[PDB]
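Okay, so here's the structure we're looking at.
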Amino acid sequence: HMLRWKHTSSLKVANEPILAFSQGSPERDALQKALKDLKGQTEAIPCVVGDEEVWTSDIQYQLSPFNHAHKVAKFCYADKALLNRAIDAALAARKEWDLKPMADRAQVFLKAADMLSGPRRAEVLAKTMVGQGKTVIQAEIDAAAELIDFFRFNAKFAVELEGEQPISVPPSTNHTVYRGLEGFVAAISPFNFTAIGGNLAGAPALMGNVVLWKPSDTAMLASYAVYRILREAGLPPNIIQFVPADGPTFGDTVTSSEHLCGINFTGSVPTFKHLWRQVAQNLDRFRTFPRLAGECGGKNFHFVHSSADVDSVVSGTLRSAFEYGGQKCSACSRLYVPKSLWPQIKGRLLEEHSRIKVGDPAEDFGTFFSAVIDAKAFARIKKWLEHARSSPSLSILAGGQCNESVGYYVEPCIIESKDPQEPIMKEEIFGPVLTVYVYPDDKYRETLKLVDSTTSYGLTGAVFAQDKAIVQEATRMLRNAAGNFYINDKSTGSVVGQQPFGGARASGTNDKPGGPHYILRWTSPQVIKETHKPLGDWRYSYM
Amino acid sequence: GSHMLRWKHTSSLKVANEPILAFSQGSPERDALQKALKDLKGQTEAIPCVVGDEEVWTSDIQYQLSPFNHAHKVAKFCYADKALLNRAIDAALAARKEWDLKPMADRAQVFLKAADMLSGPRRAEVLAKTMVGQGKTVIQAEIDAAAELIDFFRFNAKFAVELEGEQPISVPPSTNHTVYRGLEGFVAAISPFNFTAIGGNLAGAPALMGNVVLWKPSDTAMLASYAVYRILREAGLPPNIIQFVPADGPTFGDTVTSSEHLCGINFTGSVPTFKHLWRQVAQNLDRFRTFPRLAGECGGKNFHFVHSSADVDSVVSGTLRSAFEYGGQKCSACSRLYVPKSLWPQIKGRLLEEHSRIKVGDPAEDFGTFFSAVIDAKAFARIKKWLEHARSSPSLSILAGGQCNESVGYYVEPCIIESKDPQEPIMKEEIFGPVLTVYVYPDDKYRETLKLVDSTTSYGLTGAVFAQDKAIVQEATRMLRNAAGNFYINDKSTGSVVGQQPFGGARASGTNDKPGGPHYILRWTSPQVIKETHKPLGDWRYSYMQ
Ligand code: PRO
Ligand code: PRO
Ligand code: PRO
Ligand code: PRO
Ligand code: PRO
Ligand code: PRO
Ligand code: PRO
């Protein structure tokens, strides 16, 4: 017995509670304090390579979306030389980290999760509110609950994976070693969820990888807070490098390294395609075949059958379309309503719309949602509103206003299209812009087909109906129209361990972060066979 | 609050590895195999392309030759033209939704039935066709066309049926369920000559998971590949789920990568071809309805590393088998042997003595044959060039063998070469022939030499360490962690068994998706999660907002 394999244990975890933030609650008090702690503050956030805080001359600012005069962070872009130094230092740390027992790596993430749950909760929530423009509850479900859940559940999944071992038959013993990927992983995270950044960099690190993490410019404050928590929780130097950078510069640099083994990406279709093509162009140089994982957005639907509960349709659609300003890959942006229910649904939507509060989420907890993330987002959304004012098939029913004088404020907008295949029914806006198509009741089946065929995407979707046969039929018809499919619920708000998230078609590679299989993309297994008796003669008896 | 979607209870499956038969005199399997070999003598099968249930011929007629008697055309087949390939795609796509909607257990039943047929009544046929068409000996055919193929079918069925039991957490007011969807589109399966079982798995595993497939089998394994295809159809595989489409390689790749409906390529073959397909997909990335999934197994330059504490006889027997079985035509074959100076007199003497006893000949006529001819004229020519290199290189010396003769079959003697240069080209490049290179290292340089084992080649597939010192084994295991995806301690580098040693490696050796293990099938499903909520949603506002 040259090798001895220690018995793997099990990890019990459950989802983090979502807090209610009632008046006089400990969490509301703590959050109010943490928000006050950020008022008028700018954090100077360096690049971090190993334990070194590095500044370049390429200074950038993160602005508070609802008060863009407030520079919440000053940071800098890593240049090609710094990125390459970061790669070198990470690679030199990788073997030792990869050789650590899975349980020891998991412990770092479990400790981080407990820090986020307790003493650091108010901080990460406040930084997500002030830096990304989230309301209390949007920050809570993201920077606390989802991030905490990724860390705990991925830890559980990874520990359990070590229990997945092959059959051994005497006189040999077989064991699978879940090796990290050889090389480094580039993690490229989006502005819209603090938790996604934590997962994109953290999940590969958990599995024994080293990572260059390029956080989103517009989520820098909260992203660095998560980074610091991981380091304080025991993540060794050079396992995750914190390297904000210009997008093209970062992509060019990591795809030029012979040591690139993975890209973990969430963002646009064109950017993911470009990175895929850069890897293909440089395929000769890489020591192995890099693994690309991409989540690329959606044009998500709520489909209503005449049997639907109208109040649930209304509240679920308002939330899905407008929470966080519709800046979610999962947000409903196309609503299909039968003619027979349209007078009810139109009236209710327009009435509730007039009561939606858009304002400062730190100062007014009555706020439903706040400003969109930045000037570029504001400009894109304004372009779509101008299109809705131009198109003969479109009519703005409510909203349509925007004002960027103080923050990047866009009012929620509800549009009716007479054309089910209008460009606004197809293209992802990432803003609080809901388009409604009213279909004749006797054409529900033809309309279900349009739900499936109209767009290039396959991410989220919901069907509202109280008729079993209709639900069964719609489920079959929409099988590939949504990777996260909902019956009588809104299309947003996937919960780790409950609705693993992702979809195919143009929406990405569908590796389902939030489920037990995601971590498999970040391990390259080795199987070791040890034979305990001498080998026989090389000839066979039949010879 | 009633559940409108109802999910069936999941099942499990008990399977064990298919036992390897002995083929001793007096055994039924030896009798059956001799009859099956006789059934192939002097025969040529005309093998069509199969699209749906239609047998289709083109003008591009090709022949598969028996490697050890190349005057014997064992099969006449044809290459699908681009029109036929596109017709096959269209018909597969039209059949896909129904197949994807079939219960996993019903799809698994096809493969379990096929495995049962291969185990019993069809065993002798598939063995004989692999022997005569690919030049395998009885035992090499047995571990491949029977045991490994049967095991892929049974174990993947188990893995797939049981995968449906992997379900998310539900919390009130909702029920969550994962649907393991097949990929939307079609999968292209491209299989190699050297294992009948690999073709069955490359096409079969995606089909099991609800995909439809264009299977381009290897020209030089056509006879056995079609036998497997027919068995799958007889076992109940519906039409248009696997299209049997031999084709020119570049033509096939061009056609499948030009379709907007391509969702996967399941490939085993050369590094350059896999890279080319990868680049074709990238070039055409705009047109695809989704992002295609490429899986590739691409070969190796595999090592046996010997420490001074090794069991000498094990080193000798294990290395002779790994280097020379099936003429070294395995992605897992040992082609570099590292021996410490202190054991070299013993090991050299033993290797040379045993070498003189290795019989090369006709595997159908002489069951005493250790290995037979290599696969084809191209392989023979490549190997011959490497032998000539070994005679002309100042760093190389041929210790045994070196002869070859292609007058009757593509016959190459087993060859043992010593290199004085651990970085000689012959230590780096995959030959796919019976050519073993030995490097002798001073005992006191074992650590530096382990680093050379790891850094010399571009590959990471298989490797073995022979040693009876625990500290040395632990050290070597750490040092060689990424040098081999299938790593062996005191055993040979070939002969992975499904469910026991899932097979594959990284570096240039491929994407390492570990066929033979429980996770391989995950590459061929794109999961959907359905949440059904059983209570009304309530207001859009939250309590904290009041
Ligand atoms: O069932 C078995 O025998 C192997 C070893 C433990 C888990 N799987
Ligand atoms: O082209 C090659 O040889 C290496 C292998 C992995 C990708 N680059
Ligand atoms: O719309 C844009 O282009 C920028 C980038 C992410 C946030 N907004
Ligand atoms: O379901 C949602 O709303 C978020 C979007 C990214 C992943 N989960
Ligand atoms: O380029 C596009 O838009 C589609 C998305 C998946 C790949 N091709
Ligand atoms: O050596 C070659 O190129 C051919 C292809 C596989 C069989 N022999
Ligand atoms: O290990 C071996 O020898 C074979 C090679 C292909 C897969 N398994």
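Just so you know, all these numbers are worked out from the coordinates, no wet-lab data involved. When we count neighbours, we look across all protein chains shown, and the Cβ atoms used for this are built from the backbone with ideal geometry, even at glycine.
Taking the inverse of the mean 1/r over every pair of distinct Cα atoms in the protein assembly as shown gives a Kirkwood hydrodynamic radius of 30.8 Å.
Once the Cα-Cα distance is subtracted from the 0.36 nm per residue extended length, the B:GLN167 to B:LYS359 segment shows a gain of 63.7 nm.
Net length available on complete extension from A:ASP104 to A:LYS33 is 22.1 nm, with 0.36 nm assigned per residue and the Cα-Cα distance removed.
How would you order A:348-356, A:146-154, B:261-269 from highest to lowest mean count of nearby Cβ atoms within 10 Å?
The peptides rank, most packed first, as A:146-154, B:261-269, A:348-356.
Return the subset of A:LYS74/A:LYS214; A:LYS299/B:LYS531; A:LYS346/B:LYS97; B:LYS216/B:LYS514; A:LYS33/B:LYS531 for which the Cα-Cα distance in this structure is over 26 Å, preserving the input order. As for pairs spanning more than 26 Å Cα to Cα, those are A:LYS346/B:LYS97; A:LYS33/B:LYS531. Averaged over the residues of peptide A:173-180, the number of Cβ atoms from other protein chains lying within 10 Å of each residue's Cβ is 3. For the protein assembly as shown, the mean residue ellipticity at 222 nm estimated from helices alone is -11000 deg cm²/dmol, where every DSSP H run of n ≥ 4 contributes -39500 (n - 2.57) and the total is divided by all residues, rounded to the nearest 500. What's log10 of I(q)/I(0) for region A:384-454 at q = 0.12 Å⁻¹, Debye sum over Cα points only, no solvent? The Debye formula, applied to the Cα set alone, gives -0.36.
Distance between the modelled labels on A:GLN281 and A:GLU386, one decimal in nanometres: 3.2 nm (7 Å Cα→Cβ projection). Counting only DSSP beta bridges whose two residues both lie in the protein assembly as shown, roughly 35 percent are antiparallel. Sorting the segments A:360-368, B:518-526, B:467-475, A:179-187 by their mean number of nearby beta carbons within 10 angstrom, highest to lowest, gives A:179-187, B:518-526, A:360-368, B:467-475.
Taken residue by residue and averaged, Cβ atoms of other chains lying within 10 Å of the Cβ of A:471-482 number 3.
Within chain A, antiparallel bridges make up roughly 40 percent of the DSSP beta bridges whose residues both belong there.
The length gained by stretching the chain between A:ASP252 and A:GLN401 to full extension, at 0.36 nm per residue less their Cα-Cα distance, is 49.8 nm.
Per-residue mean of other chain beta-carbon atoms within 10 angstrom of the beta-carbon, peptide A:206-217?
For peptide A:206-217, the averaged partner shielding equals 0.
Averaging the Cα positions of each part gives two centres, and for region B:20-55 and region A:53-94 these lie 66 Å apart. Ordering A:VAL13, A:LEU35, A:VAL54 by the projection of their Cα atoms onto the charge dipole of region A:1-55, which places +1 on the Cβ of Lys and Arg and -1 on the Cβ of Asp and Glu, puts A:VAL13 at the extreme positive end.
Ignoring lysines fewer than eight residues from B:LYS348 along the same chain, the ones with Cα atoms less than 21 angstrom from its Cα are B:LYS359, B:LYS420, B:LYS445, B:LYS492. The coefficient of translational diffusion for region B:299-497, derived via Stokes-Einstein from the alpha carbon Kirkwood radius under 4 °C and 1.567 mPa s, stands at 77 µm²/s. Within the same chain, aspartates and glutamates fewer than 8 places from B:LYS82 are excluded, and of the rest, those with a Cα less than 20 Å from its Cα are B:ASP53, B:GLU54, B:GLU55, B:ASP60, B:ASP90, B:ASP219, B:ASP248, B:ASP254, B:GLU260. The angle between the Cα long axis of helix B:271-283 and the longest principal axis of the Cα atoms of chain B comes to about 30 degrees, rounded to the nearest 10.
Going from the fewest other Cβ atoms within 10 Å to the most, the residues B:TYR326, A:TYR542 appear in the order A:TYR542, B:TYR326.
The ranking of B:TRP386, A:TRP342 from fewest to most other beta carbons within 10 Å of each one's beta carbon is A:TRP342, B:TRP386. Rg then Dmax, both in Å and based on the Cα atoms of region A:1-108: 21.6, 67. Where both bridge residues fall in region B:379-467, DSSP classifies roughly 60% of the beta bridges as antiparallel. Out of all Cα-Cα pairs in chain B, roughly what percent, to the nearest whole number, are more than 37 Å apart? Percent of Cα pairs beyond 37 Å in chain B: 34.
According to the Cα gyration tensor, what semi-axes, each the square root of 5 times an eigenvalue, does the equivalent ellipsoid of region B:191-254 have, listed from largest to smallest in whole Å?
Three semi-axes, in Å: 18, 14, 10.
By the beta-carbon count within 10 Å of each Cβ, the least crowded to most crowded order of A:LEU11, A:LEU341, A:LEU200, fewest first, is A:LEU11, A:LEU341, A:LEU200. The share of alpha-carbon pairs in region A:55-170 lying farther apart than 21 Å comes to 62%. Would you mind checking the tilt of helix B:312-324 against the longest principal axis of the Cα atoms of chain B, expressed as 0 to 90 degrees and rounded to 10? Value to nearest ten degrees: 70. Inter-part distance, region A:178-223 to region A:373-445, computed on C-alpha centroids, equals 33 Å.
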